[PDB]
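Below you'll find the structure, written out as structure tokens, and then a few comments.
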Amino acid sequence: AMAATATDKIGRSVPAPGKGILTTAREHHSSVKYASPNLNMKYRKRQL
Amino acid sequence: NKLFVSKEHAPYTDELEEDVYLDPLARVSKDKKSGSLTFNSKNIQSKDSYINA
Amino acid sequence: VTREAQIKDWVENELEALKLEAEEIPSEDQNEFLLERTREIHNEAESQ
Amino acid sequence: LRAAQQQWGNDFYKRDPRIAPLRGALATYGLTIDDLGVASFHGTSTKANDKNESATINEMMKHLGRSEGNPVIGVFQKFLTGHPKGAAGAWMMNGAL
């Protein structure tokens, strides 16, 4: 359902791992007070 | 002999390193002091840019 | 341009569907819920 | 039609900042971040990796709002087999199935 490789920046220093993959969870929690309709299926089914 | 200027420190600082990583509307910006392009904690998951994009 | 007609009137059918929803379910803590759903509709319109 | 599907069924979180790629990866089956049962770690057995690999798994559950007290279960395939420098993720995807 998902595959994603990730890297910091330019090939700089190989033998040390880092944050890279954490970006597979980049989402925005600035305003979570309202409900996001797209997460429901009963709503996405009606549009379809 | 200064075409290739190797970065020394990333646009984020370690305390902001993972805060950038999935607040996905985190845009780098200019720093009035340093002049370089670095990430500020003032616009990382700042909810003004976090939905209008 | 034919599908754009389907998409144009689609939001005018969607934003009106917020008014039957957005001024009856919540209180006047509204311009944060509206700016949540009116953006999502605007974005669900773009990717449409 | 198979274009309206991927708008509302498969790639409905692409053009959305507030649905993480891993959350919408599962949210397309009615799964939640809580249903991510297991995490087959790379688990190379180096002192820097396992400290870091475990670290990063935490935040992406810490950030996605995994239920408190619902941890993912570390599967460290490499204790048997070792590190097949390149073959790794295909042994641990092999086992994960």
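Each chain in the structure tokens gets a letter, A, B, ..., in the order shown, and its residues are numbered from 1; ligands are numbered from 1 in order too.
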
Excluding residue 32 of chain D and residues on its chain fewer than 6 positions from it, collect all residues at most 9 Å away from it, counting only C-alpha atoms, and give them as a JSON list (two decimals) with C-alpha atoms, in the first residue's frame.
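Writing the result to result24.json gives the following:
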[["chain", "number", "residue", "atom", "x", "y", "z"],
["D", 23, "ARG", "CA", -1.95, 7.41, 7.06],
["D", 24, "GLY", "CA", -3.71, 7.61, 3.73],
["D", 26, "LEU", "CA", -3.95, 2.66, 5.09],
["D", 66, "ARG", "CA", -1.22, 6.09, 17.39]]

Would you pick out the contacts of segment 46-60 of chain D at 9 Å or less, using only C-alpha atoms, so that residues sharing its chain but fewer than 4 positions from it are not included, and give the list as a CSV table (one decimal) with N, CA and C atoms, in the first residue's frame?
chain,number,residue,atom,x,y,z
A,16,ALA,N,26.3,6.6,8.2
A,16,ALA,CA,25.4,7.0,9.3
A,16,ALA,C,24.0,7.2,8.9
A,17,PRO,N,23.0,6.5,9.6
A,17,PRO,CA,21.6,6.7,9.2
A,17,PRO,C,21.0,7.9,9.9
A,18,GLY,N,19.8,8.3,9.4
A,18,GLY,CA,19.2,9.5,9.9
A,18,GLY,C,17.7,9.5,9.7
A,19,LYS,N,17.1,10.7,9.8
A,19,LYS,CA,15.7,10.9,9.9
A,19,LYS,C,14.9,10.4,8.7
A,20,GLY,N,15.6,10.1,7.6
A,20,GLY,CA,15.1,10.2,6.2
A,20,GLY,C,13.6,9.8,6.1
A,21,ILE,N,13.3,8.6,6.6
A,21,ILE,CA,12.0,8.1,6.3
A,21,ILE,C,10.9,8.8,7.1
A,22,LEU,N,11.2,9.4,8.2
A,22,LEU,CA,10.2,10.1,9.0
A,22,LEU,C,9.3,10.9,8.2
A,23,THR,N,9.8,11.4,7.0
A,23,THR,CA,9.0,12.2,6.1
A,23,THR,C,7.8,11.4,5.5
A,24,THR,N,7.8,10.1,5.7
A,24,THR,CA,6.6,9.4,5.2
A,24,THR,C,5.4,9.6,6.0
A,25,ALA,N,5.5,10.4,7.1
A,25,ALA,CA,4.4,10.8,7.9
A,25,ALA,C,4.2,12.3,7.9
A,26,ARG,N,4.8,13.0,7.0
A,26,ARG,CA,4.6,14.5,7.0
A,26,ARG,C,3.1,14.7,6.8
B,18,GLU,N,13.4,16.9,12.9
B,18,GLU,CA,12.2,16.1,12.7
B,18,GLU,C,10.9,16.9,12.7
B,22,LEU,N,7.7,15.9,8.9
B,22,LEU,CA,6.3,15.7,8.4
B,22,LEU,C,5.4,16.8,8.9
D,22,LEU,N,1.5,7.9,4.9
D,22,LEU,CA,1.4,6.6,5.5
D,22,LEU,C,0.0,6.4,6.1
D,39,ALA,N,6.2,-4.2,12.9
D,39,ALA,CA,7.2,-3.4,12.2
D,39,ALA,C,8.4,-4.3,12.1
D,41,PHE,N,11.7,-4.7,11.8
D,41,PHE,CA,12.9,-3.8,11.8
D,41,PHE,C,14.0,-4.3,10.9
D,42,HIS,N,14.7,-3.3,10.3
D,42,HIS,CA,16.0,-3.6,9.7
D,42,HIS,C,16.8,-4.3,10.7
D,64,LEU,N,1.5,10.4,14.1
D,64,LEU,CA,0.3,10.1,13.5
D,64,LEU,C,-0.8,9.8,14.5
D,65,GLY,N,-0.6,10.0,15.8
D,65,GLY,CA,-1.6,9.8,16.7
D,65,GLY,C,-2.0,8.3,16.9
D,66,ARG,N,-1.0,7.5,17.0
D,66,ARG,CA,-1.2,6.1,17.4
D,66,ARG,C,-1.7,6.1,18.8
D,71,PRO,N,1.6,-0.3,21.1
D,71,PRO,CA,2.9,-0.3,20.4
D,71,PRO,C,2.9,-1.2,19.2
D,72,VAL,N,3.8,-1.0,18.2
D,72,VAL,CA,4.1,-2.0,17.2
D,72,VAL,C,5.1,-2.9,17.6
D,74,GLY,N,8.3,-5.3,17.3
D,74,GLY,CA,9.5,-5.4,16.6
D,74,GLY,C,9.9,-6.8,16.2

Can you list every residue of chain B that has an atom at most 8 Å from chain A, with its nearest atom pair and the distance in Å to one decimal, using only C-alpha atoms, ordered by chain then number, as JSON lines?
{"residue": "B:17", "atom": "CA", "partner": "A:19", "partner_atom": "CA", "distance": 7.8}
{"residue": "B:18", "atom": "CA", "partner": "A:19", "partner_atom": "CA", "distance": 6.8}
{"residue": "B:21", "atom": "CA", "partner": "A:23", "partner_atom": "CA", "distance": 4.7}
{"residue": "B:22", "atom": "CA", "partner": "A:26", "partner_atom": "CA", "distance": 2.5}
{"residue": "B:23", "atom": "CA", "partner": "A:26", "partner_atom": "CA", "distance": 5.0}
{"residue": "B:24", "atom": "CA", "partner": "A:26", "partner_atom": "CA", "distance": 5.1}
{"residue": "B:25", "atom": "CA", "partner": "A:28", "partner_atom": "CA", "distance": 7.4}
{"residue": "B:45", "atom": "CA", "partner": "A:30", "partner_atom": "CA", "distance": 5.7}
{"residue": "B:46", "atom": "CA", "partner": "A:30", "partner_atom": "CA", "distance": 5.9}
{"residue": "B:47", "atom": "CA", "partner": "A:30", "partner_atom": "CA", "distance": 3.7}
{"residue": "B:48", "atom": "CA", "partner": "A:30", "partner_atom": "CA", "distance": 7.4}
{"residue": "B:50", "atom": "CA", "partner": "A:28", "partner_atom": "CA", "distance": 5.5}
{"residue": "B:51", "atom": "CA", "partner": "A:28", "partner_atom": "CA", "distance": 7.3}

Got a sec: who's within 12 Å of residue 31 of chain C, counting only C-alpha atoms, leaving out chain neighbours fewer than 5 positions off, as an MDAnalysis selection string?
(chainID A and resid 31 33:34) or (chainID C and resid 22:23 26 36:39)

Save the residues we just selected, N, CA and C atoms, as a PDB file, in the first residue's frame?
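Output file part_20.pdb follows:
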ATOM      1  N   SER A  31      -4.695  22.848  11.975  1.00  0.00           N
ATOM      2  CA  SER A  31      -6.105  22.971  12.330  1.00  0.00           C
ATOM      3  C   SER A  31      -6.725  21.579  12.231  1.00  0.00           C
ATOM      4  N   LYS A  33      -9.427  20.889  14.387  1.00  0.00           N
ATOM      5  CA  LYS A  33     -10.659  21.036  15.153  1.00  0.00           C
ATOM      6  C   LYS A  33     -11.866  20.567  14.356  1.00  0.00           C
ATOM      7  N   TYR A  34     -11.873  20.824  13.060  1.00  0.00           N
ATOM      8  CA  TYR A  34     -12.937  20.366  12.185  1.00  0.00           C
ATOM      9  C   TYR A  34     -12.589  18.965  11.695  1.00  0.00           C
TER      10      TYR A  34
ATOM     11  N   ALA C  22     -23.293  23.679   7.865  1.00  0.00           N
ATOM     12  CA  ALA C  22     -22.315  24.410   8.659  1.00  0.00           C
ATOM     13  C   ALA C  22     -22.926  25.456   9.578  1.00  0.00           C
ATOM     14  N   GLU C  23     -24.153  25.895   9.333  1.00  0.00           N
ATOM     15  CA  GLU C  23     -24.768  26.839  10.254  1.00  0.00           C
ATOM     16  C   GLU C  23     -25.816  26.207  11.149  1.00  0.00           C
ATOM     17  N   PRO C  26     -22.590  23.356  14.070  1.00  0.00           N
ATOM     18  CA  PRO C  26     -21.708  24.019  15.032  1.00  0.00           C
ATOM     19  C   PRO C  26     -22.290  25.326  15.554  1.00  0.00           C
ATOM     20  N   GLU C  36     -12.001  25.370   7.280  1.00  0.00           N
ATOM     21  CA  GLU C  36     -11.568  23.987   7.123  1.00  0.00           C
ATOM     22  C   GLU C  36     -12.241  23.318   5.933  1.00  0.00           C
ATOM     23  N   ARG C  37     -13.561  23.446   5.809  1.00  0.00           N
ATOM     24  CA  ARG C  37     -14.287  22.753   4.754  1.00  0.00           C
ATOM     25  C   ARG C  37     -14.310  23.515   3.440  1.00  0.00           C
ATOM     26  N   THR C  38     -14.337  24.845   3.473  1.00  0.00           N
ATOM     27  CA  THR C  38     -14.294  25.595   2.226  1.00  0.00           C
ATOM     28  C   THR C  38     -12.946  25.497   1.534  1.00  0.00           C
ATOM     29  N   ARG C  39     -11.876  25.227   2.277  1.00  0.00           N
ATOM     30  CA  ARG C  39     -10.598  24.942   1.640  1.00  0.00           C
ATOM     31  C   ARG C  39     -10.605  23.549   1.032  1.00  0.00           C
TER      32      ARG C  39
END

Select all residues from chain C having any atom no more than 12 Å from an atom of chain A (counting only C-alpha atoms, ignoring ligands), output as a PyMOL selection string.
chain C and resi 7+10-11+13-14+18+22+25-26+29-41+43-45+48

Could you write out the selected residues, including C-alpha atoms, as a short mmCIF file (atom, residue, chain, number, x, y, z; two decimals), in the first residue's frame?
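Output (part_33.cif):
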data_model
loop_
_atom_site.label_atom_id
_atom_site.label_comp_id
_atom_site.auth_asym_id
_atom_site.auth_seq_id
_atom_site.Cartn_x
_atom_site.Cartn_y
_atom_site.Cartn_z
CA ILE C 7 -16.76 20.41 -12.00
CA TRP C 10 -20.16 20.63 -8.61
CA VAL C 11 -18.75 23.00 -6.00
CA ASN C 13 -23.61 22.08 -5.27
CA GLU C 14 -20.99 21.37 -2.61
CA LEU C 18 -22.07 23.15 3.63
CA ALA C 22 -22.31 24.41 8.66
CA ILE C 25 -24.32 21.66 13.48
CA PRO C 26 -21.71 24.02 15.03
CA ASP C 29 -16.97 28.81 16.14
CA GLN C 30 -17.66 28.79 12.44
CA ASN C 31 -15.01 30.62 10.41
CA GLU C 32 -12.54 27.99 11.57
CA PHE C 33 -14.83 25.14 10.53
CA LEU C 34 -15.76 26.94 7.31
CA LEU C 35 -12.12 27.69 6.51
CA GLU C 36 -11.57 23.99 7.12
CA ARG C 37 -14.29 22.75 4.75
CA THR C 38 -14.29 25.59 2.23
CA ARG C 39 -10.60 24.94 1.64
CA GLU C 40 -11.15 21.20 1.28
CA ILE C 41 -13.88 21.84 -1.28
CA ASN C 43 -8.91 21.59 -3.07
CA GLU C 44 -11.30 18.76 -3.98
CA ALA C 45 -12.30 21.01 -6.86
CA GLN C 48 -11.02 17.32 -9.77
#

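With only C-alpha atoms as the atoms that count, the minimum distance from chain D to the choices B:30, B:37, B:19, B:1 is reached by B:19.
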
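What separates atom CA of residue 27 of chain C from atom CA of residue 42 of chain C is a distance of 22.8 Å.
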
So, with only C-alpha atoms as the atoms that count, which of D:16, D:79, D:31, D:70 lies closest to chain B?
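Distance minimum relative to chain B lands on D:16.
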
Return as a list in words the residues belonging to chain D that are within 6 Å of chain A, counting only C-alpha atoms.
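So the contacting residues turn out to be residues 8, 17, 18, 19, 20, 21, 22, 25 and 60 of chain D.
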
What residues in chain B get the DSSP label strand (DSSP E)? Please answer as a PyMOL selection string.
chain B and resi 29-30+37-38

Could you write out that same residue set with N, CA, C and O atoms as an mmCIF file, in the first residue's frame?
data_model
loop_
_atom_site.group_PDB
_atom_site.id
_atom_site.type_symbol
_atom_site.label_atom_id
_atom_site.label_comp_id
_atom_site.auth_asym_id
_atom_site.auth_seq_id
_atom_site.Cartn_x
_atom_site.Cartn_y
_atom_site.Cartn_z
ATOM 1 N N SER B 29 13.241 29.935 4.588
ATOM 2 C CA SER B 29 13.104 31.370 4.410
ATOM 3 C C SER B 29 14.440 32.035 4.686
ATOM 4 O O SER B 29 15.402 31.395 5.117
ATOM 5 N N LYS B 30 14.492 33.336 4.427
ATOM 6 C CA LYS B 30 15.707 34.088 4.675
ATOM 7 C C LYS B 30 15.853 34.410 6.151
ATOM 8 O O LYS B 30 14.878 34.622 6.874
ATOM 9 N N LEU B 37 19.552 30.648 3.929
ATOM 10 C CA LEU B 37 18.183 30.155 3.834
ATOM 11 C C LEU B 37 18.048 29.032 4.854
ATOM 12 O O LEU B 37 18.536 27.923 4.648
ATOM 13 N N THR B 38 17.386 29.321 5.963
ATOM 14 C CA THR B 38 17.205 28.334 7.010
ATOM 15 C C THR B 38 15.740 28.263 7.405
ATOM 16 O O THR B 38 14.937 29.133 7.067
#

From chain B, collect each residue whose DSSP state is helix (DSSP H, G or I) and return the set as a JSON list (two decimals) with C-alpha atoms, in the first residue's frame.
[["chain", "number", "residue", "atom", "x", "y", "z"],
["B", 14, "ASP", "CA", 18.70, 19.50, 14.95],
["B", 15, "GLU", "CA", 15.94, 20.71, 17.25],
["B", 16, "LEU", "CA", 13.85, 21.38, 14.16],
["B", 17, "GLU", "CA", 15.14, 18.38, 12.21],
["B", 18, "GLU", "CA", 12.18, 16.07, 12.69],
["B", 19, "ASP", "CA", 9.69, 18.91, 13.16],
["B", 20, "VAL", "CA", 10.25, 19.68, 9.48],
["B", 21, "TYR", "CA", 10.08, 16.11, 8.35],
["B", 41, "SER", "CA", 10.38, 27.41, 14.17],
["B", 42, "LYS", "CA", 7.87, 30.21, 13.53],
["B", 43, "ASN", "CA", 6.49, 28.60, 10.36]]

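For chain D, the residues no farther than 10 Å from chain C when using only C-alpha atoms are residues 4, 7, 8, 12, 14, 15 and 16 of chain D.
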
Just to be explicit: take each residue in the selection above, keep N, CA, C and O atoms, and write the result as a PDB file, in the first residue's frame.
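result-v7.pdb, freshly written:
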ATOM      1  N   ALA D   4     -12.153   8.233 -11.886  1.00  0.00           N
ATOM      2  CA  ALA D   4     -12.892   8.684 -10.721  1.00  0.00           C
ATOM      3  C   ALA D   4     -12.606   7.804  -9.522  1.00  0.00           C
ATOM      4  O   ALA D   4     -12.687   8.269  -8.384  1.00  0.00           O
ATOM      5  N   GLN D   7      -9.444   9.002  -7.809  1.00  0.00           N
ATOM      6  CA  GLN D   7      -9.682  10.283  -7.154  1.00  0.00           C
ATOM      7  C   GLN D   7     -10.269  10.075  -5.771  1.00  0.00           C
ATOM      8  O   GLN D   7      -9.904  10.759  -4.812  1.00  0.00           O
ATOM      9  N   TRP D   8     -11.201   9.144  -5.658  1.00  0.00           N
ATOM     10  CA  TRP D   8     -11.926   8.927  -4.426  1.00  0.00           C
ATOM     11  C   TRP D   8     -11.586   7.609  -3.758  1.00  0.00           C
ATOM     12  O   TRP D   8     -12.043   7.367  -2.640  1.00  0.00           O
ATOM     13  N   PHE D  12      -6.653   9.690  -3.038  1.00  0.00           N
ATOM     14  CA  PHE D  12      -7.478  10.752  -2.488  1.00  0.00           C
ATOM     15  C   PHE D  12      -6.755  11.567  -1.440  1.00  0.00           C
ATOM     16  O   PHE D  12      -7.330  12.514  -0.904  1.00  0.00           O
ATOM     17  N   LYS D  14      -3.285  12.384  -2.034  1.00  0.00           N
ATOM     18  CA  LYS D  14      -2.123  12.945  -2.703  1.00  0.00           C
ATOM     19  C   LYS D  14      -2.083  14.453  -2.530  1.00  0.00           C
ATOM     20  O   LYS D  14      -1.095  15.010  -2.048  1.00  0.00           O
ATOM     21  N   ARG D  15      -3.159  15.118  -2.935  1.00  0.00           N
ATOM     22  CA  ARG D  15      -3.253  16.571  -2.864  1.00  0.00           C
ATOM     23  C   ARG D  15      -3.940  16.937  -1.551  1.00  0.00           C
ATOM     24  O   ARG D  15      -5.048  17.477  -1.509  1.00  0.00           O
ATOM     25  N   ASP D  16      -3.267  16.613  -0.453  1.00  0.00           N
ATOM     26  CA  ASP D  16      -3.751  16.956   0.876  1.00  0.00           C
ATOM     27  C   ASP D  16      -2.602  16.990   1.871  1.00  0.00           C
ATOM     28  O   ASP D  16      -1.962  15.963   2.118  1.00  0.00           O
TER      29      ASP D  16
END

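Taking atom CA of residue 9 of chain B and atom CA of residue 27 of chain B as the two end points, the separation is 16.7 Å.
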
Would you compute the distance between atom CA of residue 85 of chain D and atom CA of residue 45 of chain D? Give it in Å to one decimal.
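For atom CA of residue 85 of chain D relative to atom CA of residue 45 of chain D, the distance reads 12.9 Å.
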
Return the single residue from D:9, D:33, D:43, D:78 that is closest to residue 62 of chain D, with distances computed using only C-alpha atoms.
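Ranked by minimum distance to residue 62 of chain D, first place goes to D:33.
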